[PDB]
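Peer 1: start07.tsv is the file, holding TSV, C-alpha atoms:
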chain	number	residue	atom	x	y	z
H	85	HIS	CA	24.36	-12.40	-55.11
H	86	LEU	CA	24.26	-10.27	-58.26
H	87	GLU	CA	27.15	-8.25	-59.63
H	88	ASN	CA	26.41	-5.39	-62.04
H	89	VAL	CA	22.69	-5.24	-61.21
H	90	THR	CA	21.09	-1.90	-60.26
H	91	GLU	CA	17.37	-2.45	-59.71
H	92	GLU	CA	15.57	0.54	-58.19
H	93	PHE	CA	14.27	-0.35	-54.73
H	94	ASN	CA	11.52	0.88	-52.41
H	95	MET	CA	11.06	0.00	-48.74
H	96	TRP	CA	8.24	2.50	-48.11
H	97	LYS	CA	5.59	2.06	-50.80
H	98	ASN	CA	6.82	-1.57	-50.68
H	99	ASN	CA	3.61	-3.60	-50.97
H	100	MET	CA	4.96	-6.15	-48.44
H	101	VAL	CA	5.05	-3.77	-45.47
H	102	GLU	CA	1.26	-3.60	-45.75
H	103	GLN	CA	0.83	-7.34	-46.39
H	104	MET	CA	2.58	-7.91	-43.05
H	105	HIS	CA	0.27	-5.59	-41.10
H	106	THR	CA	-2.76	-7.60	-42.24
H	107	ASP	CA	-1.63	-10.96	-40.83
H	108	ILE	CA	-1.75	-10.09	-37.11
H	109	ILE	CA	-5.48	-9.38	-37.43
H	110	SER	CA	-6.55	-12.78	-38.83
H	111	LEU	CA	-4.67	-15.10	-36.46
H	112	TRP	CA	-6.47	-12.94	-33.91
H	113	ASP	CA	-9.88	-13.43	-35.55
H	114	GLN	CA	-9.40	-17.16	-36.19
H	115	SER	CA	-8.30	-17.53	-32.57
H	116	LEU	CA	-10.95	-15.04	-31.37
H	117	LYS	CA	-14.36	-15.82	-32.96
H	118	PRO	CA	-14.30	-19.39	-31.52
H	119	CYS	CA	-13.81	-18.60	-27.82
H	120	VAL	CA	-15.61	-16.81	-24.96
H	121	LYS	CA	-17.65	-13.69	-25.72
H	122	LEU	CA	-18.07	-11.60	-22.59
H	123	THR	CA	-20.89	-9.08	-22.90
H	124	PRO	CA	-22.28	-10.15	-19.49
H	125	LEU	CA	-19.10	-8.52	-18.12
H	126	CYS	CA	-20.76	-5.09	-18.46
H	127	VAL	CA	-22.54	-5.43	-15.10
H	128	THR	CA	-21.81	-2.60	-12.67
H	129	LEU	CA	-18.82	-3.11	-10.36
H	130	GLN	CA	-17.96	-1.99	-6.82
H	131	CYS	CA	-14.26	-1.14	-6.51
H	132	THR	CA	-12.00	0.09	-3.72
H	133	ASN	CA	-8.38	0.78	-2.83
H	134	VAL	CA	-7.04	-2.66	-1.94
H	135	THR	CA	-6.12	-4.38	1.35
H	136	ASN	CA	-3.04	-2.43	2.41
H	137	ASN	CA	-1.71	0.10	4.90
W	5	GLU	CA	-1.11	17.84	16.65
W	6	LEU	CA	-1.49	14.09	17.19
W	7	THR	CA	-4.50	13.47	19.43
W	8	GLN	CA	-3.68	10.94	22.16
W	9	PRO	CA	-4.75	10.59	25.77
W	10	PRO	CA	-1.85	11.66	28.01
W	11	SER	CA	-2.89	8.86	30.41
W	12	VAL	CA	-5.23	5.86	30.57
W	13	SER	CA	-6.42	3.63	33.41
W	14	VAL	CA	-7.14	-0.08	33.94
W	15	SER	CA	-7.42	-2.52	36.88
W	16	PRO	CA	-5.43	-5.69	37.71
W	17	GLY	CA	-6.30	-7.92	34.77
W	18	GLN	CA	-8.41	-5.98	32.28
W	19	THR	CA	-7.53	-4.87	28.75
W	20	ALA	CA	-7.09	-1.29	27.55
W	21	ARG	CA	-7.15	0.88	24.43
W	22	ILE	CA	-5.25	4.07	23.58
W	23	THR	CA	-6.58	6.01	20.60
W	24	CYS	CA	-4.15	8.27	18.71
W	25	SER	CA	-6.35	10.37	16.42
W	26	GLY	CA	-5.70	12.93	13.72
W	27	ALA	CA	-5.70	13.47	9.97
W	28	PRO	CA	-2.80	11.53	8.37
W	29	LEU	CA	-3.93	8.17	9.79
W	30	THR	CA	-5.99	7.56	6.63
W	31	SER	CA	-2.75	7.37	4.63
W	32	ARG	CA	0.29	6.18	6.64
W	33	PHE	CA	0.74	3.18	8.91
W	34	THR	CA	1.18	3.82	12.62
W	35	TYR	CA	4.15	2.93	14.83
W	36	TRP	CA	4.33	3.02	18.62
W	37	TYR	CA	6.86	3.29	21.43
W	38	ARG	CA	7.17	2.58	25.16
W	39	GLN	CA	9.18	5.02	27.30
W	40	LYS	CA	9.27	3.95	30.91
W	41	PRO	CA	10.09	7.23	32.72
W	42	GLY	CA	13.66	8.00	31.69
W	43	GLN	CA	14.26	4.80	29.70
W	44	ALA	CA	14.94	4.31	25.99
W	45	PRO	CA	11.57	4.33	24.14
W	46	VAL	CA	11.12	0.68	23.21
W	47	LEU	CA	9.70	-0.06	19.77
W	48	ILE	CA	6.71	-2.42	19.80
W	49	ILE	CA	4.58	-1.70	16.68
W	50	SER	CA	5.94	-2.11	13.16
W	51	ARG	CA	4.96	-2.92	9.57
W	52	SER	CA	7.04	-6.04	8.96
W	53	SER	CA	5.19	-6.54	5.66
W	54	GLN	CA	2.51	-4.83	3.61
W	61	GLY	CA	1.62	-11.10	20.56
W	62	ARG	CA	0.13	-9.14	23.45
W	63	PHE	CA	0.39	-5.66	21.88
W	64	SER	CA	-1.42	-4.46	18.76
W	65	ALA	CA	-3.04	-1.40	17.18
W	66	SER	CA	-6.27	-1.26	15.14
W	67	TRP	CA	-6.63	1.25	12.28
W	68	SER	CA	-9.94	3.17	12.14
W	69	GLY	CA	-10.19	6.20	9.92
W	70	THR	CA	-8.99	9.36	11.62
W	71	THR	CA	-7.74	7.14	14.47
W	72	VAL	CA	-5.51	4.14	15.13
W	73	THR	CA	-6.28	2.48	18.47
W	74	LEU	CA	-3.45	0.88	20.46
W	75	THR	CA	-4.87	-2.20	22.21
W	76	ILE	CA	-2.89	-3.59	25.16
W	77	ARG	CA	-3.71	-7.03	26.59
W	78	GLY	CA	-2.30	-8.22	29.91
W	79	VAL	CA	-1.37	-5.17	31.99
W	80	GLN	CA	1.19	-6.38	34.46
W	81	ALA	CA	2.52	-3.49	36.53
W	82	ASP	CA	5.82	-4.00	34.66
W	83	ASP	CA	4.28	-1.99	31.79
W	84	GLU	CA	3.64	1.35	33.55
W	85	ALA	CA	5.19	3.81	31.11
W	86	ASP	CA	4.65	6.71	28.71
W	87	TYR	CA	3.48	5.49	25.29
W	88	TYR	CA	3.98	7.53	22.11
W	89	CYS	CA	2.29	7.15	18.72
W	90	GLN	CA	4.34	8.21	15.72
W	91	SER	CA	3.91	7.85	11.96
W	92	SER	CA	4.30	10.32	9.08
W	93	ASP	CA	2.43	13.12	7.37
W	94	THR	CA	0.96	12.73	3.89
W	95	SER	CA	4.00	14.23	2.10
W	96	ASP	CA	6.61	11.63	3.19
W	97	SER	CA	9.19	14.25	4.19
W	98	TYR	CA	9.12	14.63	7.98
W	99	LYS	CA	8.01	12.59	10.98
W	100	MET	CA	6.92	13.67	14.46
W	101	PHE	CA	5.48	12.23	17.65
W	102	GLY	CA	2.25	12.62	19.58
W	103	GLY	CA	1.87	13.19	23.30
W	104	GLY	CA	2.94	10.47	25.72
W	105	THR	CA	0.36	8.26	27.40
W	106	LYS	CA	1.14	7.32	31.00
W	107	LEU	CA	-0.36	3.86	31.48
W	108	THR	CA	-1.68	3.55	35.03
Show this structure as structure tokens.
Peer 2:
Amino acid sequence: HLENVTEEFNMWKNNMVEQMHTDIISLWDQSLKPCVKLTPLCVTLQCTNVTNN
Amino acid sequence: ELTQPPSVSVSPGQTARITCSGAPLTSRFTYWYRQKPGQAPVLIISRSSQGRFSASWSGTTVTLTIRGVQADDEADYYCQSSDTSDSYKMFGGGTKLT
């Protein structure tokens, strides 16, 4: 803790709020690009209201 | 107006089918009752979840199938479900099983 210290702060233009937003994309990519790509999944489907009353 | 037969016929041993037709049967499940003349209409068909008595759904109709017609079962049968707006109920006709 600092007594008698008045540094001017900023939580908005704070360059760390943007650094944080960039991380969630790369753990995605580096757990995305080495798995199952699914472009065969764009084959037409037949769908219906399910088995109910 | 729920479209039932007011009476159906069958001989000692055969099976039978009572078709209660209409519009809301494509939306609500169908429940049935057995009123022997003057008795308390016995409940027999239910939706316990989403032996000898059953009812098969078919579009504008739901067909009550009865298997094993002992003469003990001569009664007026009533189909009853609900309209598509889930406010009120009402009953059909009253099928005298001969």
Peer 1: Can you work out the spacing between CA of residue 52 (chain W) and CA of residue 6 (chain W) in Å, to one decimal?
Peer 2: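 Distance between the two atoms: 23.4 Å.
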Peer 1: Would you kindly report the residues of chain H within 10 Å of chain W, using all atoms listed in the file, as a VMD selection string?
Peer 2: chain H and resid 135 to 137
Peer 1: Might you pull out every residue within 10 Å of residue 36 (chain W), with all atoms listed in the file counted and same-chain residues fewer than 4 positions away left off, and present them as a PyMOL selection string?
Peer 2: chain W and resi 24+45-50+64-65+74+87-91+101-102
Peer 1: For residue 20 (chain W), which residue out of W:94, W:73, W:44, W:103 is the nearest one, using only C-alpha atoms?
Peer 2: W:73
Peer 1: Could you give me, as a count of residues only, the residues that have an atom at most 8 Å away from the point (-2.6, 11.2, 26.8) in the coordinates of the file, using all atoms listed in the file?
Peer 2: 10
Peer 1: Do you have the CA of residue 5 (chain W)-CA of residue 79 (chain W) distance handy?
Peer 2: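 Separating CA of residue 5 (chain W) from CA of residue 79 (chain W) is a distance of 27.7 Å.
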Peer 1: How many Å lie between CA of residue 25 (chain W) and CA of residue 77 (chain W), rounded to one decimal?
Peer 2: 20.3 Å
Peer 1: Give me, as a PDB file with C-alpha atoms, keeping the file's coordinate frame, all polymer residues having an atom no more than 9 Å from residue 83 (chain W), counting only C-alpha atoms and skipping those fewer than 4 positions away in the same chain.
Peer 2:
ATOM      1  CA  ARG W  38       7.170   2.580  25.160  1.00  0.00           C
ATOM      2  CA  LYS W  40       9.270   3.950  30.910  1.00  0.00           C
ATOM      3  CA  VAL W  79      -1.370  -5.170  31.990  1.00  0.00           C
ATOM      4  CA  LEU W 107      -0.360   3.860  31.480  1.00  0.00           C
ATOM      5  CA  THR W 108      -1.680   3.550  35.030  1.00  0.00           C
TER       6      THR W 108
END
Peer 1: List as JSON, numbers by chain: which residues have an atom within 10 Å of (-6.6, -9.2, 35.3), counting only C-alpha atoms?
Peer 2: {"W": [14, 15, 16, 17, 18, 19, 77, 78, 79, 80]}
Peer 1: Please determine an axis-aligned box that encloses all atoms of region 49-74 of chain W listed in the file, with 5 Å added on each side, and express its centre and edge lengths in Å to one decimal as AutoDock Vina command-line options.
Peer 2:
--center_x -1.6 --center_y -0.9 --center_z 13.5 --size_x 27.2 --size_y 30.5 --size_z 29.8
